[PDB]
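Every residue, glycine as well, gets a Cβ built from its backbone with ideal geometry; the counts of neighbours run over all protein chains shown. Read the figures in this text as sums done on the coordinates, not as results from a lab.
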Amino acid sequence: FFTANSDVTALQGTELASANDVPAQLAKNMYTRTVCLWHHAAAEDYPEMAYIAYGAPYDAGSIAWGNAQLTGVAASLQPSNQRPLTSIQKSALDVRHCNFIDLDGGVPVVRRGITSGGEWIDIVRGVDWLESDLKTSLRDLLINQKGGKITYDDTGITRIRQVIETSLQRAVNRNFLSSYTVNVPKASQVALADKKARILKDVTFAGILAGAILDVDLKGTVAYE
Amino acid sequence: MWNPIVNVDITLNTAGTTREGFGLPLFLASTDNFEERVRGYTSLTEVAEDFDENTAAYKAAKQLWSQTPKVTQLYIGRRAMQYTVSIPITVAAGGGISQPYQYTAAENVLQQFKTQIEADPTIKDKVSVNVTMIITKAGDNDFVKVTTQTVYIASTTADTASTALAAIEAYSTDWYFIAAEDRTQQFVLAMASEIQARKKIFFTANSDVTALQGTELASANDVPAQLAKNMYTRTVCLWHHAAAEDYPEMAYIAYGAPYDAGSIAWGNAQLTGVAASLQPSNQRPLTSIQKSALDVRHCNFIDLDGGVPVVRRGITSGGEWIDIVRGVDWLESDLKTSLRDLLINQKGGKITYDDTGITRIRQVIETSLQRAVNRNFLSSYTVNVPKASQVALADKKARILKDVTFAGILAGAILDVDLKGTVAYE
Amino acid sequence: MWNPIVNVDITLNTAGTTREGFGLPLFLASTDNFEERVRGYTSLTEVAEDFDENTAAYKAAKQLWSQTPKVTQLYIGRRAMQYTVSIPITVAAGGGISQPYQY
Amino acid sequence: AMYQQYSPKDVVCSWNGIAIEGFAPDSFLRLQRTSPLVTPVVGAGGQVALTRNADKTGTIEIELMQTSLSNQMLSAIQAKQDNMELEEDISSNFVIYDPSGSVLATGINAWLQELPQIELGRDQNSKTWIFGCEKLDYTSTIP
Amino acid sequence: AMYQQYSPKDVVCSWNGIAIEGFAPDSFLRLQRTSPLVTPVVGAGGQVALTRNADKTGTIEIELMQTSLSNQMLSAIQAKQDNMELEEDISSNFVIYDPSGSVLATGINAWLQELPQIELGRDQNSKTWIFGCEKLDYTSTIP
Amino acid sequence: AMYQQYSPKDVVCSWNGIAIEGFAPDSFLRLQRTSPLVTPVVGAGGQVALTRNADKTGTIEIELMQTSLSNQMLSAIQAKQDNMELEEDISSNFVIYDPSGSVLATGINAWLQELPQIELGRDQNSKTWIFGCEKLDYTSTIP
């Protein structure tokens, strides 16, 4: 759920406990699936759609939504004097996990790109795509048995292991994950209620995330020697 | 519209060329001629429209554009104002809100005006009134003016250096050099202390005659001596008799502003139309003892090599050459722009947190330092970066890179010569 | 807090590199400037805070860090002390317990 | 004792802000100076005088696989530089990262000098890109 | 991950409206530029200045089997062009279609430059046809 | 640092309102003064006195390809000037545009002085056109 905001009360106060504007309430509830953007023109204009279109056309889990450049969208300006936000107001937005349009000095760029729960948008979207891919691959295996069976023995279970592994390798190839593992039950120890219901349970897997870089810290010196 | 196949607008006014370099000047003056806290101009003609020839905000701009090549743009800031009334009116507020007041035939008249103002529901909340009478800011109002012969009016700056600087920075951050109209000891020291915590340079002048005597810096306590004692490396002080109501700081700024950063020397500078530093008492160029007295204070001056005036040394109060400070600031800005361009424009990809991504940052840092080496500002440099296999996992979750460092070495220049010789029959 | 997309802290102080090897130095000195019996420092700047330039515990540290490459760390120990009073007070004890006296 | 171990996997090349990947099976990198350091001159009587050449340019040849994706990036970069004014800069440092220290040189102000030859057959043929440099600097970890 | 797979079967060449088929067992296509992009000049003091060559022509060598039927078509096309006035045009774009993207170049205004050498023995020998081009353009799928 | 890069592609010549194009493979432009700036005179005793010549004319030789279309324009321009009265003017400024600044001269009041020699063989030979100028002015971008 993408939403915008222009409440001026959000630009002051660094203590999240005392703040009670909409972004603060969203952050307090840990709504990891909500993305909030601060923008003065959010009164009757919709930059959320530009932010959506920035990354929607691309593949899931293989991009970073931070430092995004939006065409034709101006920076977040203080309503009172139409000047870019000061660092204190940016920090006030930061403690609320609310996004904003920053200026690196001559160019506007949406900063961080995190949900209200602190999780990066990239992780959420990649996990959802991974689930969808697993769901489609196993569906294609289970369907198309047009004249046969997938027997409830180890021969049938290994075939499901194979497709799960292939679908996780598809994610590893994107550089979304880096490694994974899969575990399945033995057909000789499955309860007979499941064999009558014709359902397989106790399948699990694990994965590890890759990461990216968005900021840099630097120090140096100059001397005659 | 219909346009001729060939259009030729010939004129008789000779014109000169401008140039672009690192940094733009800003002049902080006490004014009420516009509502915005910062306004820019591109030529002296535009400045003449808003300001009259006798204001300091016009003299400063006139000095700046005397040098050649010209500076592209000039900014003028506005200080907060307080107005005073007495008996030997019209009140304005931000947004063009104006209300007149009148009483007909002193404390009674002042209280009449105060009551009328405090009763008005349109402008009273944006101003404050008190009993002479005083009018200042109130609420969100950042601009206030009073004008009007049985009533007299006055004005005075009503803010400290810190507050004015903060209020101007909260409006426009595009300026490098800053000069001020006010030359009191307190304001100058406050502004010098504030700019020290920023990447800006503060140019100021002085005409205190007590600065020309005494070689012991420990005992001296004039403004240049206090600046030198505090080691304000970002403050440039110039001594000049005409610093009472004239602004040669802007000519000195324009001498080197149009050029590239870190590739020039500010010493031995020749300024067009600026006379040498003269002793106030008898209008004669300073003696060598007075020049030494200025020298121990790290204060600049205009010397005569014998027939030509030239600003000598060109050092900040902390002893560091202006060239080094400006070159370091430009180098930082260049690094900041290059890395910003790398990090942005990843529109559909990533910079992964492994050695492949770190080497790409190494490459841009090295290129940006080579840009400085090519100017002959530096002579050599080195860079060090961390291994991706030994970065703490907190950074990988924060998506930030730390522990990057580099070093450089400076080139130098020549400004004076010492010479000896002999003559003989053999 | 808000952090710039790129942060650059340039300075003019030249610096040198350290190195790590076998063993670390310890300097046993007569001191009362701290309560702990051993305290470590990583540079001469830290040593200057606790000690003045005229103490031997400062000269020893100044000599050590003259060589290059530097030593990573230096330890300073505290010897037991006895005090004497005469006629030509304040008394302190471990834990910050202090009591004045007067006649 | 034995020297440090070489590992092709941990070699990374970079130029113009992009990373170059997909090294060919054999001889994927070469570095060389254009001229020697010294040039002796011998007279008819046997006397010797030495000339110290000032030239320090060089060449960096990097060779990639036939279907590597880094080929597209370099073509796209070259296409941009053809439509730029002469005043715009086209040079950048060529940085090679090698933890084993078997490569001792870096390219200062390198430029793209030649495009690969393209050949096709039953199997895959590599593509060679050639670069120049103002000064091929040889450095070392000071003992 | 692994790069895209190369397949000689799905490579098609065309010129003058005809399709060229019957590739030889090995090295059936070659593309190359005539001159390099840059030519450095070094003074006696070590300074460097770069010359940017304007030449962009090239050559396309396509090699076919001994008994391929595309040999007859090219001979028949060449015979026609010998009996045409100089004002008539003889150049056409040489288009290469390759789904794997291993070929990055196309020939703009290509012409026939040489005829194959003919040799016979106990086995079959290939025949090489050589073409020119006004501008051998290197393009890529923009990342 | 390195100096600016030279590029033959971005050199444009103009005279009499037309643009001259189709430069030859090598040495397509030459500029030269007719006389030196100074002429020393030495007496029998060793004294020296300097003569400062007032002549400042020069010559501009531009060489083009055999089949360049700019050859027709110059012939057509020359044919017109033969049928004009002596009072009519035939001189015009010869302007050379070079973004690299490797050419420091311009021709003031230039005229056509000679026609090319024509030669034919198995290959293509260039054609040289020669111009004069009242004053070959050397200028520079003021440092």
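The alpha-carbon of B:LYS137 sits under 18 angstrom from the alpha-carbons of these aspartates and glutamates, leaving out residues fewer than 8 places away in its chain: B:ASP32, B:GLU35, B:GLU36, B:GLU118, B:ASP120, B:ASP125, B:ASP159.
Between the range B:27-84 and the range B:335-395, how far is it from one alpha carbon centroid to the other, in angstrom? Using only Cα atoms, the two centres lie 41 Å from each other. Annotated for the range A:130-223: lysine pairs at least 8 residues apart or interchain, Cα distance under 16 Å, count 5.
Of all chain F residues, the one whose Cβ lies closest to the rotation axis that maps F onto E, given with that distance rounded to whole Å, is F:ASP26, 19. Only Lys, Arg, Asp and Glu carry charge here, each on its Cβ (+1 for the first two, -1 for the last two); on that basis the protein assembly as shown has a dipole of about 3860 debye about its Cα centre.
Rounded to the nearest 20, the size of the Cβ-charge dipole of the range B:97-249 about its Cα centre is 240 debye, with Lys and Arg at +1 and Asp and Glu at -1.
Counting pairs of alpha carbon atoms under 8 Å apart in space and at least six apart in sequence, what relative contact order in percent does the range A:1-139 give?
Relative contact order comes out at 32 percent.
Given the options F:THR106, F:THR57, F:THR34, state which has the largest fluctuation in a GNM of chain F using a 10 Å cut-off (strictly under) for Cα springs. For chain F, modelled as a Gaussian network with Cα springs under 10 Å, the answer is F:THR34. GNM on chain E, C-alpha springs below 10 Å: top fluctuator among E:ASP123, E:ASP82, E:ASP26? The residue that fluctuates most here is E:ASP123. Inter-chain neighbour count for A:91-99: the average number of beta-carbon atoms from partner chains within 10 Å of each residue's beta-carbon is 1. Taking every DSSP helix (H) stretch of at least 4 residues in the protein assembly as shown, weighting each as -39,500 (n - 2.57) and dividing the sum by the residue count yields a mean residue ellipticity at 222 nm of -6500 deg cm²/dmol. Extending 7 Å from the Cα toward the beta-carbon at both A:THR3 and D:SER27 defines two label points whose distance is 6.5 nm. So which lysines pass the test for B:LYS397, namely a Cα distance under 19 Å, with those fewer than 8 places away in the same chain ruled out? Hits, sequence-local ones excluded: B:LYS350, B:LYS387. The ranking of B:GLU181, E:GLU85, B:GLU107 by Cβ neighbour count inside 10 Å, starting from the fewest, reads E:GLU85, B:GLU107, B:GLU181. Send over the Kirkwood Rh of the range F:37-120, from the inverse of the averaged 1/r over different Cα pairs, rounded to one decimal Å. Evaluated over the range F:37-120, this radius sits at 17.1 Å. About its Cα centre, the dipole of chain A is roughly 1200 debye, where the only charges are +1 on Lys and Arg Cβ and -1 on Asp and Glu Cβ. Histogrammed with a bin width of 20 Å, the alpha carbon distances of the protein assembly as shown distribute as 7, 24, 34, 23, 9, 2, 0 percent, first bin at zero.
Shielding value for B:400-409 is 6, the average number of Cβ atoms from other chains within 10 Å of each residue's Cβ. Summarising the overall dimensions of the range B:117-275 from its C-alpha atoms, the Rg and Dmax are 20.1, 63 angstrom.
Of B:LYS336/B:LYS402; A:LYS90/B:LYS200; B:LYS114/B:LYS145; D:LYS127/F:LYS9, which pairs sit farther than 18 Å apart, going by alpha carbon to alpha carbon? Correct reply: A:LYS90/B:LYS200; D:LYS127/F:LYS9.
Within 10 Å of the Cβ of each residue in A:65-73, the mean number of Cβ atoms contributed by other protein chains is 2.
Under 22 Å of direct C-alpha separation, and excluding same-chain neighbours fewer than eight residues apart, D:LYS135 reaches these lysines: D:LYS56. Spin-label model, B:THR42 to D:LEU104: label points 7 Å out along the Cα-to-beta-carbon direction sit 5.8 nm apart.
Starting from the range C:42-77, pick out the GluC sites (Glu not before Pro) whose DSSP state is loop and whose Cβ has at most 11 other Cβ atoms within 10 Å. Write out the running numbers ahead of the final one.
Values: sites: C:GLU46, C:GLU49, C:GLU53; in loops: C:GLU53.
In loop regions of the range C:42-77 (DSSP not H, G, I, E or B), the sparsely surrounded GluC sites (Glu not before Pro) are C:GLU53.
Projecting each Cα onto the charge dipole of chain A (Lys/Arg +1, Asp/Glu -1 at the beta carbon, about the Cα centre), which of A:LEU11, A:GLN189, A:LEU134 comes out farthest on the positive side? The Cα lying farthest towards the positive end belongs to A:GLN189.
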